[PDB]
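Note sheet for the following structure.
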Amino acid sequence: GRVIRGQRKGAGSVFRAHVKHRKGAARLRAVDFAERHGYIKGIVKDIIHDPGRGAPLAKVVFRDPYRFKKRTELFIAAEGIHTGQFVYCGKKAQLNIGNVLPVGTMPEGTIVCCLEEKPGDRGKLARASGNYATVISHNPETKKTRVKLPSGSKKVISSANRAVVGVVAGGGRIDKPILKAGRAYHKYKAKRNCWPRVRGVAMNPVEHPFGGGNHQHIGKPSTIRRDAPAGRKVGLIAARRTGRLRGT
Amino acid sequence: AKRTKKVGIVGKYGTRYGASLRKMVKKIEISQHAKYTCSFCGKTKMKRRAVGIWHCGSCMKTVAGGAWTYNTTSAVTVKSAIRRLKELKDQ
RNA sequence: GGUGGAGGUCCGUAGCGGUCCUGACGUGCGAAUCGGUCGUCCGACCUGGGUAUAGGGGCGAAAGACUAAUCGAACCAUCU
RNA sequence: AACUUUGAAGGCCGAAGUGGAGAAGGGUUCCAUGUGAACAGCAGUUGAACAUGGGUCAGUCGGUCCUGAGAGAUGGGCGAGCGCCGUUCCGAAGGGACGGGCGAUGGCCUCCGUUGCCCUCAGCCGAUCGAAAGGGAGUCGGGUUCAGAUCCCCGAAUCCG
RNA sequence: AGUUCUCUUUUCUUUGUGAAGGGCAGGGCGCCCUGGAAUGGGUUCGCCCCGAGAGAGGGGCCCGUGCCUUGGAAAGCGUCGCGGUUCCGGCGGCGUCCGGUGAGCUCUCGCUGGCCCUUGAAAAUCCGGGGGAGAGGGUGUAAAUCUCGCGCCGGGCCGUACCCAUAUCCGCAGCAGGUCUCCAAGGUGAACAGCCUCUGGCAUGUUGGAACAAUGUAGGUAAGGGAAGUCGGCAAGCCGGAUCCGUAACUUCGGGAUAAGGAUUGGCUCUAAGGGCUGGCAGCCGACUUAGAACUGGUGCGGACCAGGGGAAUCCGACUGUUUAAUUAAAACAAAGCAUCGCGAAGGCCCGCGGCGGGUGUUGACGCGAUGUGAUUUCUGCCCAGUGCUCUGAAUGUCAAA
RNA sequence: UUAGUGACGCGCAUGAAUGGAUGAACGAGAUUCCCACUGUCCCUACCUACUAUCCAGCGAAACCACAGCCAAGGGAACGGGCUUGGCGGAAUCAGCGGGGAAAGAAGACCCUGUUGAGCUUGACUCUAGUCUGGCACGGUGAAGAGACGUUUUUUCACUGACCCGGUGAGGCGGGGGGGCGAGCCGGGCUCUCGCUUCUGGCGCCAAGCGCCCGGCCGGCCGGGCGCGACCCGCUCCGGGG
RNA sequence: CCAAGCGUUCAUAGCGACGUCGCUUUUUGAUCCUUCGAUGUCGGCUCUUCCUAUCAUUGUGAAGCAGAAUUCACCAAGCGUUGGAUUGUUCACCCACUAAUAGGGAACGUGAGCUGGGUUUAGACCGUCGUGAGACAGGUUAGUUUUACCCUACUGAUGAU
Ligand SMILES: [Mg+2]
Ligand SMILES: [Mg+2]
Ligand SMILES: [Mg+2]
Ligand SMILES: [Mg+2]
Ligand SMILES: [Mg+2]
Ligand SMILES: [Mg+2]
Ligand SMILES: [Mg+2]
Ligand SMILES: [Mg+2]
Ligand SMILES: [Mg+2]
Ligand SMILES: [Mg+2]
Ligand SMILES: [Mg+2]
Ligand SMILES: [Mg+2]
Ligand SMILES: [Mg+2]
Ligand SMILES: [Mg+2]
Ligand SMILES: [Mg+2]
Ligand SMILES: [Mg+2]
Ligand SMILES: [Mg+2]
Ligand SMILES: [Mg+2]
Ligand SMILES: [Mg+2]
Ligand SMILES: [Mg+2]
Ligand SMILES: [Mg+2]
Ligand SMILES: [Mg+2]
Ligand SMILES: [Mg+2]
Ligand SMILES: [Mg+2]
Ligand SMILES: [Mg+2]
Ligand SMILES: [Mg+2]
Ligand SMILES: [Mg+2]
Ligand SMILES: [Mg+2]
Ligand SMILES: [Mg+2]
Ligand SMILES: [Mg+2]
Ligand SMILES: [Mg+2]
Ligand SMILES: [Mg+2]
Ligand SMILES: [Mg+2]
Ligand SMILES: [Mg+2]
Ligand SMILES: [Mg+2]
Ligand SMILES: [Mg+2]
Ligand SMILES: [Mg+2]
Ligand SMILES: [Mg+2]
Ligand SMILES: [Mg+2]
Ligand SMILES: [Mg+2]
Ligand SMILES: [Mg+2]
Ligand SMILES: [Mg+2]
Ligand SMILES: [Mg+2]
Ligand SMILES: [Mg+2]
Ligand SMILES: [Mg+2]
Ligand SMILES: [Mg+2]
Ligand SMILES: [Mg+2]
Ligand SMILES: [Mg+2]
Ligand SMILES: [Mg+2]
Ligand SMILES: [Mg+2]
Ligand SMILES: [Mg+2]
Ligand SMILES: [Mg+2]
Ligand SMILES: [Mg+2]
Ligand SMILES: [Mg+2]
Ligand SMILES: [Mg+2]
Ligand SMILES: [Mg+2]
Ligand SMILES: [Mg+2]
Ligand SMILES: [Mg+2]
Ligand SMILES: [Mg+2]
Ligand SMILES: [Mg+2]
Ligand SMILES: [Mg+2]
Ligand SMILES: [Zn+2]
């Protein structure tokens with residue numbers, strides 16, 4: 001046989017991200033003395049569309065505490081922030097929408113977005129449009145907090161991780177039918193070469209496990225074991241179940 | 001005169017895509033193109049620049065809003081929740 | 001009753017394409033062309049150049065298609 | 001002399017042209033004169049053929065410079081090895097500057113330069129390559145040749161240093 | 001200059017001003033000042049604007065590719081006429097004038113709007129501002145300084161001919177193929193359609209002469225019938241523009257729809273209506289439309305060109321889109337929609353001989369990755385024995401090396 | 001009317017996202033009927049252009065054992081040749097498609113070959129990857145359970161190997177010093193804080209103070225140091241290990 | 001061919017059991033002789049020719065031949081044997097006309113004569129089968145039809161002894 005489309009995606013080539021017109025990487029501030037002890041003020045200059053991303057991005061500007069400079073930060077835009085607004089990042093920032101605080105100081109039930117997976121990494125979790133994480137509980141003795149991720153999983157993270165109060169803007173995006181193959185063509189022309197997708201049963205056996213046959217049938221169980229070799233791991237990968245999810 | 005009986009704004013799609021999808025997208029097409037009152041200046045000028053980005057032509061204030069509506073129910077609920085926790089944080 | 005001018009909207013030119021005649025031709029004008037008749041013609045549109053992916057490899061809106069007239073595994077030399 | 005040239009008729013392309021100019025490609029095919037061996041699927045007094053000689057002139061039109069998708073060194077890593085990966089990532093990555101201080105020299109030797117060292121100050125953080133359609137200061141009128149001209153000449157301007 | 005048998009104050013050609021500087025029209029302003037507006041007003045084709053300051057006044061700025069001017073009439077062109085070596089940028093006369101109009105075409109500038117789960121480069125390079133370290137002279141032959149006006153010097157290198165395509169390029173060739181662009185006249189007409197013409201171009205496409213048999217290839221016509229032909233109405237044919245009227249089943253209420261079906265269409269002579277400028281009126285301008293009527297021809301008039309045959313159903317695929325370059329354009333592929341599955345980053349999926357390697361990823365579950373079905377509507381029943389997948393494990397048969 | 005449509009359904013072998021039923025619009029998709037139209041046809045005719053045709057010039061190619069009239073016979077069972085009969089007359093022109101089992105291409109069908117290749121899997125033998133155990137890198141301390149001060153194991157901790165993230169490696173750890181509260185009989189402590197939250201401004205290149213030094217004539221000119229800006233430390237800061 | 005029966009009677013007008021002898025190669029088989037360095041594979045259309053096992057017509061014989069209609073048989077292939085709906089069809093079935101609507105061969109006549117509907121490549125759908133790739137004298141849809149100018153034959157045209 002030949003290498004299947006899934007295998008070919010990992011080699012880069014025509015399968016790399018379309019990053020020509022993106023505005024940069026959306027991150028929190030790099031943690032420094034100001035955010036470790038107090039807070040720093042910043043002003044929202046612009047809220048911009050980022051190609052390939054549902055959520056808008058905020059362009060916040062801070063004062064450099066050591067030099068005569070202005071620092072431009074590219075934050076994830078929490079819903080409700082506006083241009084000209086003051087945002088504050090640090091340990092002693094106040095619990096307002098758009099402020100960046102360590103999750104340790106946030107009370108139980110706080111809604112956050114752009115939450116650091118590890119302390120200092122500048123924000124990794126709950127960055128998709130409309131999403132957020134909640135704060136469940138703190139363990140001051142071990143300095144660790146329990147949060148609920150948008151997928152529903154619960155995670156124990158360091159209390160020192162920073163995060164933005166509120167939910168990511170641009171929510172409810174998936175509530176609109178696309179209605180058109182052309183509109184889906186434009187959605188992915190800004191992201192990557194993944195569209196349109198050709199079904200496995202519609203290929204020949206040479207380039208897919210499901211291909212071939214005088215009838216368009218899978219011919220083998222579609223739940224494939226977790227340890228299947230690359231080029232064989234297609235279909236429902238390591239599925240715990242199949243069918244309609246009935247109930248909770 | 002009234003030109004269509006029920007299709008309204010989704011009359012631009014003719015017969016395509018099915019009644020239910022055209023019905024469902026009709027709610028969004030109206031909302032995402034409406035001009036909302038600007039809370040900062042009061043002029044009915046708040047208009048959507050891009051998905052999630054709402055701009056006012058009077059005062060030039062841009063707001064991170066919802067995808068198709070100026071502010072979402074989830075976001076409005078969180079603002080009140082974050083307001084209460086703040087009070088119970090500093091009493 | 002007007003105004004307005006949306007649309008992967010319709011007739012239709014340029015352009016792009018290539019349904020039927022199973023027409024022409026079939027030691028051709030042509031190792032795929034010609035005529036009429038036809039599809040589409042604001043979009044998933046057409047196209048120049050630059051650039052990337054190289055042979056059990058690429059690339060494929062998927063026909064085992066395309067990859068220099070070569071493709072169910074190119075071409076070149078060697079093993080021979 | 002059906003086919004060349006001139007004159008006159010009758011026609012056609014009919015501004016999405018059979019018109020006037022370019023890019024890529026060609027490379028002298030361009031222009032003048034001569035030949036009619038061979039070639040131009042008849043002929044030719046003709047030709048983009050053959051022969052002998054000519055023809056392309058710029059601060060201002062392009063390249064040249066910039067960066068684009070991308071390509072590609074060094075440090076480093078890998079590698080039996082030719083080498084490969086990688087492009088800021090495991091790097092002591094600056095050979096610069098207003099100013100000031102010490103000397104050495106000079107010249108319109110008066111006083112100003114130059115130079116060496118010291119003091120002081122210093123993010124850019126990526127060598128380099130990448131477009132004759134992208135970015136990119138500044139040239140237009142008239143005349144002139146067999147063949148060149150926004151390039152030659154005449155006239156009138158402009159940018160940069 | 002052409003025509004002139006008749007007519008035609010006729011028909012044709014032609015009737016300039018560069019860059020740069022100055023001045024001024026014109027266009028634009030989300031710029032200022034006064035003032036305070038409901039009996040709300042202003043305003044566009046649409047919009048849209050106002051107590052966060054509308055109307056009304058008076059200003060300011062930006063572009064001015066338009067006109068005048070310096071250039072610049074000396075040049076160029078038209079015409080008439082003289083010379084010369086006659087291969088002279090030869091010499092002279094006259095002229096290069098005055099108005100109108102337009103949903104016109106082409107370009108360009110500007111205003112305002114719609115579309116996006118699409119938001120539509122970077123850098124070289126240039127400029128302004130904030131700050132005020134500093135420097136400059138002591139009342140003068142004044143100094144530092146100057147993005148002001150003149151003046152002085154220089155701008156090296158490489159390309160530049162011509163073809164650019166039914167003959168200069170690629171297809172073995174002067175090959176009916178292929179091959180990226182710019183400018184774009186009159187008439188008819190909705191028109192960059194077709195048909196004819198001017199500017200410009202060409203010589204019929206690698207030959208001519210004479211015939212006009214068959215069979216062809218390409219076009220036409222046909223009495224009466226009208227698919228009886230054939231696998232099949234293949235082929236051809238009918239319909240066709242525009243105006244007026246009229247339009248069903250079904251429908252996802254958008255469509256169906258140019259449904260279907262009728263009438264009209266020439267030429268000529270008129271009538272009515274539809275505006276602008278100046279000083280309910282008067283005067284002068286004007287540009288194409290629409291409607292109506294009479295008359296008229298052998299009923300012919302969208303007279304060429306251009307230009308849908310239609311209806312009732314069944315199957316398939318929702319649609320638009322794509323596909324086997326060179327025998328298959330399809331019901332196949334894709335698609336929105338729907339439903340599963342993996343994954344919280346020391347991760348999922350994948351690449352790589354190799355690594356602190358690489359793509360997704362400038363990413364973070366409204367995400368990325370892997371599948372099936374295939375718009376909407378309605379529904380999607382039973383089976384976990386089989387084969388898969390998955391979860392629990394020292395409770396625990398077999399089980400390698402150490 | 002072996003066609004079409006509507007019904008029927010013990011359906012060889014229909015059936016529910018291997019999706020079932022439907023249904024507007026759409027289709028160079030398949031099919032049936034009808035109106036209209038017509039040379040598709042009855043049944044053919046005529047006309048035009050370009051050929052063919054003849055001429056001047058110019059001029060290939062495919063193919064070819066020898067060749068080239070038939071009947072039958074026998075024959076490798078369908079003769080151009082051979083046997084027996086029929087018979088035979090130069091050289092040619094335009095057509096034609098009966099024959100040459102005409103040309104074209106070492107049959108693609110079929111079989112054989114101990115010849116292959118693409119693809120599949122419950123074929124045979126392997127293999128990258130992947131899961132898993134052992135050994136090494138590979139360390140420190142506490143306990144718990146054991147065995148004989150050593151040593152096996154479990155758990156919990158450590159950091160220094162090793163790894164990850166961030167930063168222009170910019171304030172880390174400990175102590176000092178100062179402010180708000182608490183409290184025992186004005187001082188010590190429990191113990192917290194380190195000066196920025198209203199506004200779409202500004203914010204560096206030190207003020208001030210203390211101490212020294214220099215040039216010129218106590219006055220002018222010009223410098224240095226310290227505090228301002230706490231002290232000491234061994235991993236830059238975190239996260240793992 | 002024999003003749004038990006049928007035919008009211010009566011074997012043989014016309015039929016004919018049980019038996020038996022032949023012919024044909026327009027059916028299918030059986031075989032594998034020729035052809036696999038290729039003889040173009042169904043049907044239709046078109047066109048000519050031939051056979052007779054004669055449907056019609058001419059001339060006749062026999063009937064259970066009154067006439068009419070019909071049946072059997074002889075010489076006999078001269079002349080005919082049609083238009084259509086369904087189907088790719090051969091075959092079949094029906095409608096209609098007719099004197100009659102007979103049956104066949106020519107490489108199952110006839111693809112450098114056509115057509116390409118079917119079969120019989122590559123695309124695709126359904127059912128059954130297979131774990132699968134895939135298969136199916138099971139359905140379905142779309143799928144390139146080359147060359148004559150040579151020899152002969154034939155048709156016509158010059159001509160030759
Ligand atoms: Mg396929
Ligand atoms: Mg496979
Ligand atoms: Mg359209
Ligand atoms: Mg169309
Ligand atoms: Mg053909
Ligand atoms: Mg031919
Ligand atoms: Mg594309
Ligand atoms: Mg590879
Ligand atoms: Mg296939
Ligand atoms: Mg041209
Ligand atoms: Mg030219
Ligand atoms: Mg010649
Ligand atoms: Mg020449
Ligand atoms: Mg490299
Ligand atoms: Mg460069
Ligand atoms: Mg350039
Ligand atoms: Mg350029
Ligand atoms: Mg010059
Ligand atoms: Mg006003
Ligand atoms: Mg003059
Ligand atoms: Mg200043
Ligand atoms: Mg040139
Ligand atoms: Mg001609
Ligand atoms: Mg000629
Ligand atoms: Mg030619
Ligand atoms: Mg007729
Ligand atoms: Mg008639
Ligand atoms: Mg018929
Ligand atoms: Mg018939
Ligand atoms: Mg037709
Ligand atoms: Mg209809
Ligand atoms: Mg379709
Ligand atoms: Mg494609
Ligand atoms: Mg094809
Ligand atoms: Mg085709
Ligand atoms: Mg499924
Ligand atoms: Mg089910
Ligand atoms: Mg099971
Ligand atoms: Mg029929
Ligand atoms: Mg099924
Ligand atoms: Mg000749
Ligand atoms: Mg022979
Ligand atoms: Mg023959
Ligand atoms: Mg063979
Ligand atoms: Mg072979
Ligand atoms: Mg053997
Ligand atoms: Mg093999
Ligand atoms: Mg192979
Ligand atoms: Mg096995
Ligand atoms: Mg008896
Ligand atoms: Mg034998
Ligand atoms: Mg043979
Ligand atoms: Mg033959
Ligand atoms: Mg043959
Ligand atoms: Mg007889
Ligand atoms: Mg035959
Ligand atoms: Mg034949
Ligand atoms: Mg044939
Ligand atoms: Mg067929
Ligand atoms: Mg097939
Ligand atoms: Mg099965
Ligand atoms: Zn506002």
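Just so it is clear: chains get the letters A, B, ... in the order the sequence lines come, proteins before strands, and each one is counted from 1.
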- Item | Whole-Å P distance, E:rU221 and E:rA236 | 13 Å
- Query: Counting only Watson-Crick or G-U wobble pairs whose two distances fall under 3.5 Å, which nucleotide matches F:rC50?
  - Reply: E:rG216
- Query: Taking the six-membered ring of A:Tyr39, is the NZ or CZ of A:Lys92 close enough (under 6.0 Å from the centre) and on axis enough (within 45°)?
  - Reply: no
- Whole-Å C1' distance, D:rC129 and E:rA123: 15 Å
- Checking F:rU18, E:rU362, E:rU118 against the side chain of A:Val19 (C-beta onward), the nearest is E:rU362
- Taking the side chain of A:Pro196 as heavy atoms from C-beta outward, which of E:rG255, E:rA334, E:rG372 is closest to it? E:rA334
- Any luck finding a side-chain donor-acceptor pair between B:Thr72 and B:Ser74 under 3.5 Å? no
- Looking only at side-chain N and O atoms, does A:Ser151 come under 4.0 Å of OP1 or OP2 in E:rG367? no
- So which nucleotide from E:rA345, E:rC341, E:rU363 ends up closest to the side chain of A:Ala25? E:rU363
- Can A:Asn161 and A:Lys118 be counted as having a side-chain donor-acceptor contact under 3.5 angstrom? no
- P gap between E:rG156 and E:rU106, integer Å: 45 Å
- Query: With both distances kept under 3.5 Å, what pairs with D:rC61, Watson-Crick or G-U wobble?
  - Reply: E:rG159
- Query: Between A:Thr145 and A:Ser159, does any side-chain donor sit less than 3.5 Å from a side-chain acceptor?
  - Reply: yes
- Message: Need the pair for F:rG146. Rule: Watson-Crick or G-U wobble, both distances under 3.5 Å, any strand; none if unpaired.
- Response: F:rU151
- Between G:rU27 and G:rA77 - P atom distance, rounded Å: 25 Å
- 5'-most contact on RNA chain F: A:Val44 or A:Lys41, nearest heavy atom basis? A:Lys41
- Ring pucker hemisphere for F:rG98, per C1'-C2'-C3'-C4' torsion: north
- Which of the following nucleotides, E:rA365, C:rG64, F:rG170, is nearest to the side chain of A:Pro150? E:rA365
- Name the nucleic acid region contacted by A:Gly200, choosing base, sugar-phosphate or nothing; use a 4.0 angstrom heavy-atom cut-off, strictly under. sugar-phosphate
- Rounded distance in Å between the P positions of E:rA74 and E:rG93: 10 Å
- Query: Closest to the A:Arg199 side chain: E:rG342, E:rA52, E:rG374?
  - Reply: E:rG374
- Query: Which base, if any, makes a Watson-Crick or G-U wobble pair with G:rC114, both distances under 3.5 Å?
  - Reply: G:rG44
- Item | Any strand: nucleotide that pairs with G:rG78 via Watson-Crick or wobble, under 3.5 Å | G:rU57
